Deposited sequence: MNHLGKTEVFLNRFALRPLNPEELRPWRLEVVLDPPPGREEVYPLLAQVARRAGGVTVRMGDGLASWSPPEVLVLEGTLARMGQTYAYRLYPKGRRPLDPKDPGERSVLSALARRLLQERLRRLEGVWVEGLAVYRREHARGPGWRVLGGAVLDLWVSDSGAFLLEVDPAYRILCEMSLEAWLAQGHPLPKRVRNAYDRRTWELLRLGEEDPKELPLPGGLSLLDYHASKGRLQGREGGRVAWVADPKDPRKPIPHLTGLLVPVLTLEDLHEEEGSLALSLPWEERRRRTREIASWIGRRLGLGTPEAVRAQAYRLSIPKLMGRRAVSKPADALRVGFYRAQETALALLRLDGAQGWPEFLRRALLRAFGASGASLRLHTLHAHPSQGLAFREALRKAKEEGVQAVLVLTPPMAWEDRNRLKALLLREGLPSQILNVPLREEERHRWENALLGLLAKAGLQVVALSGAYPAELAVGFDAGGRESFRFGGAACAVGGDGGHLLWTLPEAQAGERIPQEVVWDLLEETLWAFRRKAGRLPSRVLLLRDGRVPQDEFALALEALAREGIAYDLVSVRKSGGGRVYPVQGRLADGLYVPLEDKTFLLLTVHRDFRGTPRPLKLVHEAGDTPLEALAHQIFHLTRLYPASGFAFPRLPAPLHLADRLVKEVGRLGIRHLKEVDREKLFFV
């Protein structure tokens, strides 16, 4: 729309497949005893590896770039205690057409195993799977950091090796955990063994094993090396040069040749139009300019630092904000403490009885247990809450404004909105999350084309990442109803955003329900990884980049700051619907600017998805049982 430009992907064209490689050998797999219908795939994958060479599962049997005579055609196989005896039978050679994508897939699996194999046969280089660390970045008392790249290798439809590369660093420890704290570093929150890779959370016995304290090795993180301060984010120009360097080094050293940089047509997307009361360039400006929509609100202060009132500068800033919005503000103070037990809960009930909408909490940094308990208790009285750490100087503007912003989203005000005009006037995001054996499936939405309302819905408990079909529809029905309650009508079109892959048929019911109500839709999968890197052929790297790729599949570079490192574009698939890709790309990129609780940095994900993700993250942390009396317009979880 705003400029047809051109970019380099972090892929590289390498040599064509030789006519052998285009004609892999085929072996059929014979097992004794034959495996149960649930152990097939993990077993074929195993035989494929045991046979050695460059071999991959191809259907119900195997395909290899190695002639069968230099393969381990007979052997045995251990899985979950059971023992299977395999034998491979060569069945001639099937040529594969790289154009046909079915056949291209298997060629690409071969390609991947080749790279992995030829990587082993190198030195003196640290390799783990398809990653290789060919240099040293940093060292110290018992630790070193290696530099290298994670690689991948497949086959293009023109029949050539494509090679994906991305510079990466690796943290390696050189001491026993005793030998580690032979110098002053505390207990790492994770420890690994040198006798197995099986780590955990952290005298008679270990005797007979011939294996407590000198047997393991610490799993080193950045928290363990804060005290030593080098960083491992690369500026995008350095990352691109080191990408090319490494893509050539692998070209020769593995005999694949000259790395031809891969190029793609990108498009510059129109700039989004953020509005407070008037136009702003960042959500924090709404504190000076005024909010997009603002009603009469009452905030209350809760101090845990033993201090007395509203900090004056917070008070003024607040009146300035509400002054510019021409909305009436009243500031309350909770004169109570969580240590009074239920007396506290009474105090909260009365605050809310008197119109308080959210609570600002000044406190020293809290233990998560106390932090969580506090939040959850205020939630049970219908009060969302924003915490602001209490050694606080006015000079720390970015910290308190962001708190202020969060507090207001929590009280239910729309601080900013978009002023364009879009194909969908309801955009809803779905994530799953939660740090247990079950998860919460959940959803948040922007209602109105301007994004003039942000609501969450009560999540639902679920076994895995898949959201049950009726759940997907129900949460979606709640967002339509929110639209109905604000616009007095149904939306003509809904933009449905799912975090990650859309598991097979997950939205079948919902889509069918939309048709019946005559609501158009677009389902888009939004992938946070798998997009790779994008570099400008010439000039500078900027946001709003849209890269069409396959059909119904595109990259989208939504955020970039030339101080955070190389950005990582989202990868998006249009799963259902008939809106032109460019239009989805436009609306999603704009939705990225709608987030109210970050004053100075837009989120990589569009607002509905980012909110959804925070929502399920918080429910999973506090529990769902607290949320009955909390208004959906109040974004409690930001």
Return the ranges of the deposited sequence not covered by C-alpha coordinates, sorted by sequence position. 1-2, 205-223, 233-256, 274-275
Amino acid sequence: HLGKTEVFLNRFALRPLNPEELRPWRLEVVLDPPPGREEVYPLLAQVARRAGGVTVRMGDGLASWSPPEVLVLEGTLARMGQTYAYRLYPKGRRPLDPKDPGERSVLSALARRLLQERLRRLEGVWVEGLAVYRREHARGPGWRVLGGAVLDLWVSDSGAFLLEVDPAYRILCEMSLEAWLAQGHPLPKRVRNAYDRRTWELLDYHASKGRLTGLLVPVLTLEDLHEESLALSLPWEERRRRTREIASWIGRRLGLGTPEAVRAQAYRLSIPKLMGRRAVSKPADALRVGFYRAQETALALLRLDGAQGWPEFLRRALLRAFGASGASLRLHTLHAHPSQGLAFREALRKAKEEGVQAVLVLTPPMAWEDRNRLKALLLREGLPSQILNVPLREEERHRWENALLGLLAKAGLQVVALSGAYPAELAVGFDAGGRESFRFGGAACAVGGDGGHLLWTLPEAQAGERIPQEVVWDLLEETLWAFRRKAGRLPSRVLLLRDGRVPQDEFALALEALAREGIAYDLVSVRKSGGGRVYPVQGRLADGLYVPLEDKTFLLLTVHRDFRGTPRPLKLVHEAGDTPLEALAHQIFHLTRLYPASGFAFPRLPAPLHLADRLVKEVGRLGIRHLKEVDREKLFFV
From here on, numbers count along this sequence of modelled residues.
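For clarity, a rigid core is taken as the largest C-alpha set superposing within 1.5 Å between two forms.
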So, in 6 other deposited structures of this protein, taking the root mean square over structures and residues of the Cα distances after a rigid core fit: is 254-262 or 312-320 the more displaced stretch? 254-262
What stretch shows more C-alpha movement in 6 other deposited structures of this protein relative to this form, 498-506 or 69-77, after the core is superposed? 69-77
For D431, does the count of other compared entries lacking it reach at least a third? no
Can you tell me whether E478 lacks a model in a third or more of the other compared entries? no
If you average the CA temperature factors over each stretch, which comes out higher, 36-44 or 59-67? 36-44
472-480 versus 219-227 - which carries the larger mean C-alpha B factor in the record: 219-227
Taking the Cα B-factors listed in the entry, which of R493, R170, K410, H453 comes out highest? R170
Reading the B-factor column of the entry, which of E512, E260, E346, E381 has the highest value at its C-alpha atom? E260
Chain-relative C-alpha B factor for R87 (record values, thirds): the middle
Chain-wide C-alpha B factor ranking for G214, given as lowest, middle or highest third: highest
Grab the CA temperature factor for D431 from the record and place it in the lowest, middle or highest third of its chain. lowest
Sorting the chain's modelled residues by C-alpha B-factor and splitting them into thirds places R315 in the middle
In terms of the CA temperature factor given in the entry, to which third of its chain does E629 belong: lowest, middle or highest? lowest
